[PDB]
Amino acid sequence: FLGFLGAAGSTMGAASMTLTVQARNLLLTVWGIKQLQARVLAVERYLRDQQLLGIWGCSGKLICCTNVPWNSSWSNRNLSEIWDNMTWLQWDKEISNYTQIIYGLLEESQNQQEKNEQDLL
Amino acid sequence: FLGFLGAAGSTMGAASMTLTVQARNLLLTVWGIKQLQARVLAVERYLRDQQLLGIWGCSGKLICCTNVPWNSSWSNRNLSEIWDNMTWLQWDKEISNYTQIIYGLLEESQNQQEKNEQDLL
Amino acid sequence: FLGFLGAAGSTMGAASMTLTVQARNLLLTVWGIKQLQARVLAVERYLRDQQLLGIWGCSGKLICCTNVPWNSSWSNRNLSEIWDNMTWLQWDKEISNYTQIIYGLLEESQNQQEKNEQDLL
Amino acid sequence: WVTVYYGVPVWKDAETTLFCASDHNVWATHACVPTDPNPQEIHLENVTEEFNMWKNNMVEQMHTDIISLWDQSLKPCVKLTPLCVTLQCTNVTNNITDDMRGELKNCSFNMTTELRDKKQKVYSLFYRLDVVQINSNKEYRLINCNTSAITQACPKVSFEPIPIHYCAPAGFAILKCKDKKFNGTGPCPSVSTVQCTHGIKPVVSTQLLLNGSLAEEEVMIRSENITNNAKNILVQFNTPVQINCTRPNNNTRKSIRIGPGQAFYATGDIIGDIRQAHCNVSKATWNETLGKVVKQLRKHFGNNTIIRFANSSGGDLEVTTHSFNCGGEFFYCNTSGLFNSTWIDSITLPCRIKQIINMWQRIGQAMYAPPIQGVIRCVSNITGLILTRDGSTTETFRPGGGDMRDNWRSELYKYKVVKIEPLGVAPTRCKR
Amino acid sequence: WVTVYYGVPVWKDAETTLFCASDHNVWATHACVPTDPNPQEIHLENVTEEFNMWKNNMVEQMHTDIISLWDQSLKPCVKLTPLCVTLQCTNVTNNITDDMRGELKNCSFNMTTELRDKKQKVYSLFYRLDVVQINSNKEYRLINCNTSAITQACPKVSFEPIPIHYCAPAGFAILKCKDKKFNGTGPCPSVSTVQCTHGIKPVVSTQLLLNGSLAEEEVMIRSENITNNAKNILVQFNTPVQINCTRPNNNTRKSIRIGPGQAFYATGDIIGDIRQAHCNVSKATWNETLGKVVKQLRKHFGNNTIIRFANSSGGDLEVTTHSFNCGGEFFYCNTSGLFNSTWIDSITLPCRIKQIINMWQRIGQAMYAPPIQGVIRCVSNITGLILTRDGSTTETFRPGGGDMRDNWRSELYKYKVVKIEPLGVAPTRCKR
Ligand SMILES: *[C@@H]1O[C@H](CO)[C@@H](O[C@@H]2O[C@H](CO)[C@@H](O[C@@H]3O[C@H](CO)[C@@H](O)[C@H](O[C@H]4O[C@H](CO)[C@@H](O)[C@H](O)[C@@H]4O)[C@@H]3O)[C@H](O)[C@H]2NC(C)=O)[C@H](O)[C@H]1NC(C)=O
Ligand SMILES: *[C@@H]1O[C@H](CO)[C@@H](O[C@@H]2O[C@H](CO)[C@@H](O[C@@H]3O[C@H](CO)[C@@H](O)[C@H](O[C@H]4O[C@H](CO)[C@@H](O)[C@H](O)[C@@H]4O)[C@@H]3O)[C@H](O)[C@H]2NC(C)=O)[C@H](O)[C@H]1NC(C)=O
Ligand SMILES: *[C@@H]1O[C@H](CO)[C@@H](O[C@@H]2O[C@H](CO)[C@@H](O)[C@H](O)[C@H]2NC(C)=O)[C@H](O)[C@H]1NC(C)=O
Ligand SMILES: *[C@@H]1O[C@H](CO)[C@@H](O[C@@H]2O[C@H](CO)[C@@H](O)[C@H](O)[C@H]2NC(C)=O)[C@H](O)[C@H]1NC(C)=O
Ligand SMILES: *[C@@H]1O[C@H](CO)[C@@H](O[C@@H]2O[C@H](CO)[C@@H](O)[C@H](O)[C@H]2NC(C)=O)[C@H](O)[C@H]1NC(C)=O
Ligand SMILES: *[C@@H]1O[C@H](CO)[C@@H](O[C@@H]2O[C@H](CO)[C@@H](O)[C@H](O)[C@H]2NC(C)=O)[C@H](O)[C@H]1NC(C)=O
Ligand SMILES: *[C@@H]1O[C@H](CO)[C@@H](O[C@@H]2O[C@H](CO)[C@@H](O)[C@H](O)[C@H]2NC(C)=O)[C@H](O)[C@H]1NC(C)=O
Ligand SMILES: *[C@@H]1O[C@H](CO)[C@@H](O[C@@H]2O[C@H](CO)[C@@H](O)[C@H](O)[C@H]2NC(C)=O)[C@H](O)[C@H]1NC(C)=O
Ligand SMILES: *[C@@H]1O[C@H](CO)[C@@H](O)[C@H](O)[C@H]1NC(C)=O
Ligand SMILES: *[C@@H]1O[C@H](CO)[C@@H](O)[C@H](O)[C@H]1NC(C)=O
Ligand SMILES: *[C@@H]1O[C@H](CO)[C@@H](O)[C@H](O)[C@H]1NC(C)=O
Ligand SMILES: *[C@@H]1O[C@H](CO)[C@@H](O)[C@H](O)[C@H]1NC(C)=O
Ligand SMILES: *[C@@H]1O[C@H](CO)[C@@H](O)[C@H](O)[C@H]1NC(C)=O
Ligand SMILES: *[C@@H]1O[C@H](CO)[C@@H](O)[C@H](O)[C@H]1NC(C)=O
Ligand SMILES: *[C@@H]1O[C@H](CO)[C@@H](O)[C@H](O)[C@H]1NC(C)=O
Ligand SMILES: *[C@@H]1O[C@H](CO)[C@@H](O)[C@H](O)[C@H]1NC(C)=O
Ligand SMILES: *[C@@H]1O[C@H](CO)[C@@H](O)[C@H](O)[C@H]1NC(C)=O
Ligand SMILES: *[C@@H]1O[C@H](CO)[C@@H](O)[C@H](O)[C@H]1NC(C)=O
Ligand SMILES: *[C@@H]1O[C@H](CO)[C@@H](O)[C@H](O)[C@H]1NC(C)=O
Ligand SMILES: *[C@@H]1O[C@H](CO)[C@@H](O)[C@H](O)[C@H]1NC(C)=O
Ligand SMILES: *[C@@H]1O[C@H](CO)[C@@H](O)[C@H](O)[C@H]1NC(C)=O
Ligand SMILES: *[C@@H]1O[C@H](CO)[C@@H](O)[C@H](O)[C@H]1NC(C)=O
Ligand SMILES: *[C@@H]1O[C@H](CO)[C@@H](O)[C@H](O)[C@H]1NC(C)=O
Ligand SMILES: *[C@@H]1O[C@H](CO)[C@@H](O)[C@H](O)[C@H]1NC(C)=O
Ligand SMILES: *[C@@H]1O[C@H](CO)[C@@H](O)[C@H](O)[C@H]1NC(C)=O
Ligand SMILES: *[C@@H]1O[C@H](CO)[C@@H](O)[C@H](O)[C@H]1NC(C)=O
Ligand SMILES: *[C@@H]1O[C@H](CO)[C@@H](O)[C@H](O)[C@H]1NC(C)=O
Ligand SMILES: *[C@@H]1O[C@H](CO)[C@@H](O)[C@H](O)[C@H]1NC(C)=O
Ligand SMILES: *[C@@H]1O[C@H](CO)[C@@H](O)[C@H](O)[C@H]1NC(C)=O
Ligand SMILES: *[C@@H]1O[C@H](CO)[C@@H](O)[C@H](O)[C@H]1NC(C)=O
Ligand SMILES: *[C@@H]1O[C@H](CO)[C@@H](O)[C@H](O)[C@H]1NC(C)=O
Ligand SMILES: *[C@@H]1O[C@H](CO)[C@@H](O)[C@H](O)[C@H]1NC(C)=O
Ligand SMILES: *[C@@H]1O[C@H](CO)[C@@H](O)[C@H](O)[C@H]1NC(C)=O
Ligand SMILES: *[C@@H]1O[C@H](CO)[C@@H](O)[C@H](O)[C@H]1NC(C)=O
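Protein chains in written order, with PDB author numbering: chain B, 519 to 545, 568 to 661; chain B', 519 to 545, 568 to 661; chain B'', 519 to 545, 568 to 661; chain A, 35 to 57, 66 to 141, 150 to 185, 187 to 309, 312 to 323, 323A, 324 to 396, 412 to 458, 463 to 503; chain A', 35 to 57, 66 to 141, 150 to 185, 187 to 309, 312 to 323, 323A, 324 to 396, 412 to 458, 463 to 503. A prime marks a further copy of an entry chain.
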């Protein structure tokens, strides 16, 4: 169908079916340094996102359903508006100020879960 | 027993017990550039294979049983020939032309599975 | 609470609740080479630990409960001493000589498990 | 309720390092990635994106990259320090058209030989713009002797402006605006994603933009601030104006050995007579083109305003004339014949030629351009102008230039670099 | 049914960058990885692999690496530009054996001193092969003055051919063919995997291959195309032939200061008498060796064919003679005494010596080899030959050479670089 970022203008629920399209595009000595720095950075950025998914318990997944409740103060909208009207670019702007709060909560709930699962073994 | 690639001349089912042997071997400024390029490439090649296993739902595994049926047109042989007579080098040649078809199918079945698992939660 | 390595002087069971604190801190052409080498190495060291967790069946986890029994010859202590009195620095010294034995056993038990799980499908 | 998604089609503005790609050159040779023979472009439906060509760091990067490549191509070439001597010069008076009397000087000097013990008496021709009279009225020195070291360009490495494609590193993307009649700022619909830019030729020129791209429908006027007379106006044509330039002199070249493995390339005697270099612009085409430019300027200045064109203001040769490199020689042409009108066969523009070139705005690194044997003829497209407004019922436009970033800004105006940010979270009705 | 496996023992041919490893050198010093004191080799049972020594890019890489290291070792050394002067030369006639009359010239010249104001009259000895008569019949110049700049090798950095191990980067492997009687192409059984190559000494020579490895059982003949007379034939011996070379002259060295921190090393007077440099090859050993070579050539040319050996064809000194570097001095020996026979004490080969050396086939970078004090004696192993066939009942073989890749191809013929491809899929009887 569409290629890289083709779904960017699509709604959030129309997009999110194309997650592999974007995931696969993330992968004279002075000239050589510039190119190596570009390559090393692409790797470091990739790994930081993977580490973060790992500590949230979402390793290996493109869609990860977590155990953290949504706070209506972050965005008081119904699923119909979020998934059928909005695009991901619009959404990212809407909740930009809550991203770090959400990330902190995701880490904490995984730590609690990981320990509960040890006690049950 | 055998070291790296020692099982290369072994049959496919004799090999495939040595998967960790090979997996662990994948890891003057101009001279320095040549060495850095070699190191950066080894990392990039490694990560591309890992990303690919991830999108197929095989992250963290050396043996991953999937939900895609085998098409007899890819190779019309019984398990006895494939696992007891053939080596992996011979097999790789036999189905070289179908590798990209198989990879595409593996990605699609994971996308369907991943969504079904969200709807069930 | 505490930041990076703040729990270093804490007991093993007091620590091990801070695993994400340390995990997240692992991430003129001649000057440029020195900096690129430092960055490439940090990536290579990170990936080697991740590969090792993967082959032991612990991918994506900070706490991984395995199926290998503890040999009392490695350290004849009760859980009370290990988790409530000792620190991780002291422990690492105590069993330094058994690390490679333990690692070999962890790889073997995963290979057996991985095959048993294939036969059951 | 919180569900984490990875691979989300979201991006942010970013500044990164782009690499060059391309299909004995001064610029890109082997330190350049081979291009993709089947490049992609993806139309993004329903995407509006804000662009600003005046804040586009791709321009700053290109400026830096071409200067550095240029210097690397002079680094291994012969130094001409031994040439900075007293010259004994006379005029070349043999079959000279009146227009060039005094332009060429026949200079003799004592040059070194391969052996440290011996000197040789040699002579060569220089342009008047290359030398300075000192003191003995025949004594001259090269113009750069009190300012900078001079090196000879290696006569095997060409100045041909071979096109370069810029490509983004993984994790980044280049967005292109395809909105016709985009004036360089503000939002535009019709955005597509590309792997790399089209090939851009690193053509160096002043006043007139040569061999570039054309506007899709109409002549377009673009500026950072159209009411600020301190800013330049870039004019992009929708049709080319063909310009034919030549150096009608059958020059010969001679090699003077000046050391153990080094040689100087000198201009020898000229075969035939001496004629002035010049460029021809078709008059009718120029007039139609100038017509279209005025019609568009009136959109910003008033349709009852008198628009006058005037020639350039004073300054150095490199600024007041139309400078370009063609056939391997550096021309400085007088454009006062093009910009001399109120409101809206051929036009002949006389040109001067130099051998000692100070590139860009730098001081300290001069180069000597070896002479080219035979007659040079060049044909090129004028694809746009750089104008400056002289500023109550009339406005005067004059040719401007001298800042090379303006010549790249005119090709890179459509491209933006963004960074991909694949993680995101959203509420869903599920629980782990 | 589809099961994915990772860590599968599969590989493909590949070309990559190998790095050097090793246990004040011209070549590998600190930019080289310390070797593994306990290297591995793994035999691969039931593996047949196709090798082709004539298409082995490890050879091209080695050629490039040694040239670049060589240049980096001359870069910081003293330039001898001030030496390119008119020399006043006479013959050295003091106690000269008849064989060398005219070989050494005693030359005086005006050299610069540390101070820019003063010059000094100095003298040194040069070989006739280092100078050119000009014009005044005593006037000479150094041979390189009309062609190239010359630098002095730093007399602290040695030319000793210290062995280098090539190692593959992770994800790649080097396969080695252990099949005895492998002729360089086609499949072979008995393949093993190694971390790195054995140490290979970067010995530079023509015609005769020195100090290399030997064949396991028999003399072997290898060529790209044995019936194409335009190709070279590499002959690998299964036994060494010992060769003893010497420069029997007790030379002295003197240091001439030529500037503020720079000095030239000149050959001073020679103590004792003047004798010709030479190499000794045992006659019986050579004859037995040549015997074995012919027996093997007959396998390709006929066992009733007359095989003749002849000396080299004309060309420059660097091609027609046996060139080698030993003891720090460059020898050019006449091998016509070795290749002069039909079909199959000591043999003395006279040698010439040069101080001005043009390495490989390059022009523009000459080096001056400082003289070595005292008497030089070298003992080395001839481990093979490079032959060219001159081509209906007889074939003539002549010494060949001049292309250094042939001297590395002879050591790297057993190695191949492959890329590991760990993913694979296969049918299994299971379902997720
Ligand atoms: C605008 O675009 C046009 C069209 O692309 C461009 O004109 C081209 O200029 C180059 C260089 O002046 C011309 O190439 C020359 O063609 C002649 C034809 O006989 C050749 O002899 C020349 O060869 C010499 O120079 C070579 C340089 O590497 C040497 O290698 C060679 O040995 C010779 O010395 C050279 O190829 C080209 O033909 C024109 N194109 C046309 C269609 O005329 C123009 O210059 C651009 N304008 C600007 C200002 O850049
Ligand atoms: C084939 O292999 C043989 C054996 O490896 C090799 O012969 C060796 O050559 C080197 C250099 O000519 C010899 O080393 C010299 O030995 C004398 C002995 O007294 C030393 O005095 C020399 O020292 C001087 O040079 C040093 C260079 O770094 C200086 O540091 C030092 O201050 C002195 O100036 C030097 O060590 C070596 O002994 C021989 N080996 C044998 C067994 O004779 C031969 O050259 C190889 N053939 C070819 C063509 O490469
Ligand atoms: C530049 O000056 C030189 C030197 O006077 C001119 O060359 C001389 O021309 C006369 C004419 O017969 C010859 O006899 C001389 O031998 C020439 N001198 C040399 C050194 O060759 C030269 O022609 C002048 N060039 C121009 C273009 O005027
Ligand atoms: C560019 O060409 C024009 C046209 O020939 C030159 O203009 C002349 O300049 C002098 C300067 O005082 C005037 O007196 C003449 O009347 C001008 N000519 C015309 C037709 O008006 C101009 O000088 C040239 N520019 C340069 C830098 O040489
Ligand atoms: C000057 O502009 C014209 C018109 O854009 C260029 O000619 C076109 O070149 C493209 C390149 O593929 C062709 O497809 C068009 O058909 C050409 N148009 C015509 C009318 O022939 C011309 O090449 C430009 N000149 C220079 C020097 O770049
Ligand atoms: C090379 O030439 C020099 C210069 O003639 C010779 O050195 C001279 O030898 C005589 C003999 O008594 C001395 O008186 C001179 O003072 C020496 N000159 C200098 C500058 O020292 C030198 O011997 C010749 N060398 C050879 C090998 O023939
Ligand atoms: C290499 O050594 C041989 C043997 O001494 C030289 O051969 C002589 O060459 C001349 C050239 O015409 C012949 O007339 C002689 O008869 C040759 N000698 C013999 C024994 O036949 C040969 O010239 C030397 N090569 C070089 C390059 O000096
Ligand atoms: C010339 O070849 C001989 C025979 O291969 C070399 O001598 C051998 O060197 C190896 C190195 O460990 C020893 O193990 C052998 O025992 C030696 N053989 C004998 C008979 O002593 C000799 O070193 C070679 N010469 C050179 C200069 O490399
Ligand atoms: C763009 O908006 C229209 C409006 O209906 C929609 O149909 C179209 O699918 C959108 N684009 C994409 C890529 O979905
Ligand atoms: C929801 O967020 C608000 C502030 O954004 C916070 O005060 C409130 O306690 C949060 N609700 C819960 C249940 O944590
Ligand atoms: C995020 O912070 C900015 C800072 O100016 C603020 O204007 C914006 O409204 C905040 N967003 C939300 C959703 O509150
Ligand atoms: C090589 O083939 C023989 C044939 O029976 C087999 O026994 C042997 O095990 C094979 N090699 C390996 C490494 O399995
Ligand atoms: C099997 O492959 C063939 C071509 O290789 C294709 O036509 C066929 O439809 C495939 N079978 C199935 C069930 O998809
Ligand atoms: C794969 O493609 C090649 C192309 O020549 C063909 O010869 C080969 O038979 C194909 N393999 C199969 C299994 O069809
Ligand atoms: C240090 O030791 C004291 C001893 O009781 C303990 O209370 C304290 O918590 C320790 N430090 C840390 C970081 O736990
Ligand atoms: C425990 O370790 C000792 C040596 O450390 C070993 O001999 C013993 O067999 C091990 N026990 C088991 C059950 O493997
Ligand atoms: C580990 O090896 C060292 C080597 O000296 C030894 O002293 C130490 O006691 C060993 N550790 C244990 C726990 O045995
Ligand atoms: C002028 O050109 C003619 C062409 O025949 C030539 O003969 C004459 O010598 C030239 N004049 C001078 C002064 O060189
Ligand atoms: C060359 O040097 C001599 C030395 O006297 C001088 O007279 C002559 O004018 C010099 N030549 C030139 C062209 O300056
Ligand atoms: C370019 O278009 C934008 C769109 O709003 C406008 O604001 C801007 O002023 C225009 N440029 C000029 C020179 O008027
Ligand atoms: C353009 O320049 C004028 C000069 O004063 C200034 O007042 C005006 O605000 C500028 N326009 C913009 C958009 O900044
Ligand atoms: C330029 O030359 C072409 C032929 O090469 C000619 O058709 C064209 O009219 C010329 N242009 C001018 C302005 O003379
Ligand atoms: C340019 O075109 C306009 C169109 O009205 C015409 O009036 C004017 O005279 C033309 N100029 C020349 C030089 O032909
Ligand atoms: C300029 O053109 C616009 C286009 O609508 C028109 O409204 C305006 O009145 C015109 N001005 C003059 C002076 O004719
Ligand atoms: C512009 O034209 C005027 C006309 O008098 C002339 O004086 C001036 O020098 C010209 N400018 C240039 C740069 O030639
Ligand atoms: C400018 O136009 C006037 C109009 O006749 C003309 O006289 C003058 O020479 C022109 N200037 C140039 C530089 O051609
Ligand atoms: C020749 O050698 C002898 C050895 O005693 C020496 O005395 C004599 O001076 C030498 N001859 C010459 C001309 O140097
Ligand atoms: C050194 O310079 C003087 C200067 O006249 C010259 O006569 C002498 O011959 C030069 N010496 C040599 C060896 O060339
Ligand atoms: C080397 O062995 C292969 C094996 O088939 C053979 O084809 C080739 O011709 C042999 N080389 C020569 C020089 O005959
Ligand atoms: C060897 O060279 C001859 C020369 O014509 C050619 O015919 C023959 O095919 C070549 N052999 C091979 C294997 O290419
Ligand atoms: C070389 O020298 C050795 C002793 O160092 C001697 O035994 C050998 O026979 C010599 N070789 C020749 C060819 O003279
Ligand atoms: C070389 O060996 C052969 C063996 O038959 C012998 O006939 C021949 O004369 C020998 N040559 C010399 C120079 O001894
Ligand atoms: C080879 O031997 C012949 C014998 O006449 C000789 O003329 C020729 O120069 C020799 N070749 C070389 C390179 O010495
Ligand atoms: C070659 O062998 C013949 C046979 O006697 C001999 O006369 C001739 O001198 C030899 N050539 C050389 C260079 O020794």
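Virtual Cβ for every residue (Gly too), placed ideally from N, Cα, C.
Who are the Cβ neighbours of residue i in its own chain at under 7 angstroms, not counting the five residues just before and after it?
i              : result
residue 413(A) : 332, 333, 334, 335
residue 619(B) : none
Less than 6 angstroms between C-beta atoms, sequence neighbours within five positions excluded: which residues of the same chain meet that for residue i?
i               : result
residue 337(A') : 292
Excluding the 5 residues preceding and the 5 following residue i in the sequence, name in chain order all residues of the same chain whose CB lies nearer than 8 angstroms to its CB.
i                : result
residue 625(B'') : 529
residue 56(A')   : 70, 74, 75, 76, 77, 213, 214, 215, 216, 250
DSSP three-state call for residue i: helix, strand or coil?
i               : result
residue 268(A') : coil
residue 513(A)  : As displayed, chain A neither begins before 35 nor continues past 503, which places residue 513(A) out of reach and without an answer.
residue 646(B)  : helix
Tell me the residue span of the beta strand (DSSP E) that contains residue i.
i               : result
residue 161(A') : 154–162
residue 316(A') : 315–323A
Hey, would you say the C-beta of residue i is under 6 angstroms away from at least one heavy atom of ligand 9?
i              : result
residue 528(B) : yes
Task: Whole alpha helix (DSSP H) elements within the region 579–641 of chain B'', 4-residue minimum - done: 628–634
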